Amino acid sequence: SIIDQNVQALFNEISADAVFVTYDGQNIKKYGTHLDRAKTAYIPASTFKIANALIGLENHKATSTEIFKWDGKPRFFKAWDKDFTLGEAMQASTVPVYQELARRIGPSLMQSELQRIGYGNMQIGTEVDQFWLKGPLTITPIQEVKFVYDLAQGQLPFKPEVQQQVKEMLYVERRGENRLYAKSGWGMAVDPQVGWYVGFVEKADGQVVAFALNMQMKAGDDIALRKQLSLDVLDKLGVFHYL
């Protein structure tokens, strides 16, 4: 319809290859400039923090209350040089905290758990704190959107209290009683770079619309574009109107 055309017209000014997938529990829908991205596997990058938190809370390797203290070594980013709960680190996307969480899980458990839940190609390689950053773990946008849809509904194979804790770590904003949850990612260690904005909108209706923006990135690109483009799309779709 015209709203489909409204959404496609947003991408006609985006020069990068991009797909935007939505999932409402019945139908997958695809928008953007390169629709085959939706069935292509990319590294999860920072969106893997969702599965990381779930696995780590599920297996008694952290709680949502524990402080991950900074060990005094200046990190790549400076605003990471502080203490973090898992939730505070989710919003700050603090990779060293989630690397430490991966090391608490260990390669053996991490592997069996990715297999158990069927996350992407379920491949971890030999370095337990790098596989979502460099490969070999990859996942398609359609797999992400179905992953987080189930998270929204409490239907992933984890304890419901664990899903609820991780779900609220992703809380972004609400408009009336519609709630946006989302996690961004920018995998810079691979060629080509991959950009993600994945999440879901929970309506007061209880209905959920999960979404995944996935696009080619290159150095110097606007870090705010992924989020701003996704909110534009969600507004044009009528899933998450601007106020």
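Just so we're on the same page, rigid core means the largest C-alpha set that superposes within 1.5 Å between forms. From 1 onward, residues are counted along the sequence shown.
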| property | result |
| --- | --- |
| Farther-lying stretch by C-alpha RMS in 8 other deposited structures of this protein, rigid core as reference, of 137-145 and 67-75 | 67-75 |
| Between the two ranges 216-224 and 16-24, the one averaging a larger CA B factor in the entry | 216-224 |
| Stretch with the greater mean C-alpha B-factor as recorded in the entry, comparing 91-99 against 75-83 | 75-83 |
| C-alpha B-factor winner, where the candidates are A53, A204, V209, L180 | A204 |
| Selection from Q143, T138, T126, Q165 [criterion: highest C-alpha temperature factor in the record] | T126 |
| Where the record places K39 (Cα B-factor, split into thirds across the chain) | middle |
| For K69, the third of its chain into which the C-alpha B factor falls | highest |
| Chain thirds of CA B-factor: placement of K29 | middle |
| Chain-wide C-alpha B factor ranking for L57, given as lowest, middle or highest third | lowest |
| Chain-wide C-alpha B factor ranking for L10, given as lowest, middle or highest third | highest |
